[PDB]
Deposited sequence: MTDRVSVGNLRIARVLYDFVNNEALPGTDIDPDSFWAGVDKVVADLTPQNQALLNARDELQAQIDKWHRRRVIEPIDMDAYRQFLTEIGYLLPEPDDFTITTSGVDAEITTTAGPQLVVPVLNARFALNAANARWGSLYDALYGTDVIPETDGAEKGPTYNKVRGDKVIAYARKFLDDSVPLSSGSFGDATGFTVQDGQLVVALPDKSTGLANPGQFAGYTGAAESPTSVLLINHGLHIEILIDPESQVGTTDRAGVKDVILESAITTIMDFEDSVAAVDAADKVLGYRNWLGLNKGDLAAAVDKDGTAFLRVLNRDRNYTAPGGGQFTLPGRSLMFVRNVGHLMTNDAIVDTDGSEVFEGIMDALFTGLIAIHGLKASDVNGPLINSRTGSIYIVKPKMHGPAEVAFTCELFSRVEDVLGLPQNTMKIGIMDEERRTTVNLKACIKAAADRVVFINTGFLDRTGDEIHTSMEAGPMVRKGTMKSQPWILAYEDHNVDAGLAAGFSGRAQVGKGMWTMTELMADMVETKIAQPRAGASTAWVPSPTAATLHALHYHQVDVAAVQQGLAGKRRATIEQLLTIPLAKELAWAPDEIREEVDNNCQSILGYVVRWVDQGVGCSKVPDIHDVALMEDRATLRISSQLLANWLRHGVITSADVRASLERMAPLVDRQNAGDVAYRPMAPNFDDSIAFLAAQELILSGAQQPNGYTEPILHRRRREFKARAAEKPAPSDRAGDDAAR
């Protein structure tokens, strides 16, 4: 109740102080009219925000009762019913996107896209610096080069493993920017003569099979420090330094091979951070503002990067950006947050808050620092939207914030998350709702799965979690997303993107698997680390995404029948041990992620599963695990005693795995973290659309209360 009255709102003090003292100075916006704008937008838009939420339960309540009636499929009765209640809306006539004022990294460049918790300062700093990463470092410290005999990693440098790193990179160069004759492995040096690349072999001195891939160099042209290359819009740089220990042994004195990695980075306020009050929102706002003001620094002291100067092939000076073009992921429409209350006591919607405050903050990126978008746009991802009407509401919100922040209309562009069922089967209408704003569509397959499990909770027992990846509804969902994206002129205008790789240390598996996404037409895909972005950049150098896309133009490869194929299981597909392992695995990952969410405030964690695989957990993966067990419990393939035994089995395992920690076992009934995970399961099928923030925020709001009395 240390709150600031502005009209009908009682803004928490620490937030109000942060906006006036750190966010507003430099933007030339009168704080009085800003806060009056906050009060006006909240009062004018909260009614429909709440109205669109009641419409979700109302629709889901009918789909619950309909499933309670006994043929298997019948996509005929299921369809005209879903159109009757307004789930299935008409398909609008074809159209093209009008969104303008967008940067090259969105419209044209195809490459990895990094997502990072905005509450972790060092993470967001390295995520912003991730536009340029070392390939040597990515290959050495990772199992992409396996530790067979000789290539074992250790405290000192291993020349054997280091030699395999160099040999790996040499075929990358030969496979991405080849020579006319010979191979990069036998190159004895590099020079620039008469404005073109000349590489000396032991036989001769070949050039580039296409000289148009010679992007530039540093140092002198007759002995460069570095050679700049370009392939499929992505830049490659060879560092030349015979003085360095790696270059000392390299056949051409090469120290490293630099890759353009995360061309864009998403700053996340949502499923990968735990922010439940005004105090938590401010640290994310402060970090997000430091990234826009350029002065974000971590205690050496780590800072952002200036752009990279170069020499053209002719001799002129040019420059290339050293930072990733930053998005920001607001929170969805669901949750409220006591960062602001009204005179009546109720909490204001958290999504309205983020658009006003992250939007005010993003203005600092538009001007000079001691800089983000140069074409004048603000890039905001809005997740967890349900259908085209919610996209239009999301659009009127941004149109009201621009008016309040003064910016010209359509300044705040939006990347649509394609991760709920009602959006998936109404996607063409959702893109049109943001026809002049949309920046990307992206298949959030994890959240889309949890929504598929919940929307058909009453239908029957569902397939095991590891089986959703091969179910027909999700393979259509991906093609259907690429299709209607391209059919709207996204090619050349906006990104068509795909989802997340969670196995943080299975990068050899990532290299031999996430090539499928650029082959599927996606111009971008999600990586969890600056290192994974570097290793993901290899797939775009082997896949001409602009070629894959124009081959897919005019194709329609997914029917409405295919997208509605519910992933139910056939009777008694499972032995007892197969049932138990699924239960243990789901109970394990929930407990591992929740305990750090509730006890320590971390919204993203590495939790090993039952098979000892390190998994990057967020609220989306948590939505899948809880909803699956809550679905198996609802139709009776497990009992309520099986969950508690499994929860009490997996709890001391997590404790031993976990530092300033705190065990849940043995007196489970006392631990707030243990009780939270129990609630997400046993009350799982009654959380709206399976969302986990109601339980998580409340239990986090409860743990903080104890740790102060």
Inset, instruction - Any chance you could give me the deposited-sequence numbering of all the stretches lacking C-alphas? - result: 1, 71-72, 303-309, 381-385, 674-676, 728-741
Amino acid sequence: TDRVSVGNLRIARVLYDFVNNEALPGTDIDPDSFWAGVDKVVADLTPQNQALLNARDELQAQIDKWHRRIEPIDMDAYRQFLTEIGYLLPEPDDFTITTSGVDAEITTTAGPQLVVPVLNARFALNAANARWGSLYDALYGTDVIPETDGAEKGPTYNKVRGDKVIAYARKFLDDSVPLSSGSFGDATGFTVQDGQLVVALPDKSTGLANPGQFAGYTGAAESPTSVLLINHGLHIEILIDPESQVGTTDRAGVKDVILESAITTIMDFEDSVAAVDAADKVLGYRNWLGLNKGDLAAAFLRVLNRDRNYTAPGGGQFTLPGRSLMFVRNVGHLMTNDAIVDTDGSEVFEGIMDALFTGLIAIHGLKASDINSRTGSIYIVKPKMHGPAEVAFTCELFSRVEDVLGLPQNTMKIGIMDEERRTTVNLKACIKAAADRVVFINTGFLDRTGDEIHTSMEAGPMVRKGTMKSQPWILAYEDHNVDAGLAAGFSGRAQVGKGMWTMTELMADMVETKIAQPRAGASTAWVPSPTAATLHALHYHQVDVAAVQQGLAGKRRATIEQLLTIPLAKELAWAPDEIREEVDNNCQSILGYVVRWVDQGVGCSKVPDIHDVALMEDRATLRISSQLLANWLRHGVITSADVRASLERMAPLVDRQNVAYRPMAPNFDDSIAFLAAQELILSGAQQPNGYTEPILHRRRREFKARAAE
From here on, numbers count along this sequence of modelled residues.
Inset, instruction - Could you check which stretch, 205-213 or 284-292, carries the larger mean CA temperature factor in the entry? - result: 205-213
Legend entry - Stretch with the greater mean C-alpha B-factor as recorded in the entry, comparing 325-333 against 150-158: 150-158
Legend entry - From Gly444, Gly111, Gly497, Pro224, residue of greatest CA B-factor: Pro224
Legend entry - Where the record places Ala665 (Cα B-factor, split into thirds across the chain): highest
Inset, instruction - Divide the modelled residues of the chain into thirds by Cα B-factor and specify which third, lowest, middle or highest, holds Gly684. - result: lowest
Inset, instruction - Among all modelled residues of this chain, ranked by Cα B factor, put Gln245 in the bottom, middle or top third, i.e. lowest, middle or highest. - result: highest
Inset, instruction - Going by the recorded CA B-factors, say which third of the chain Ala487 sits in, lowest, middle or highest. - result: middle
Inset, instruction - Relative to the other modelled residues of the same chain, rank the CA B-factor of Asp612 and answer lowest, middle or highest third. - result: highest
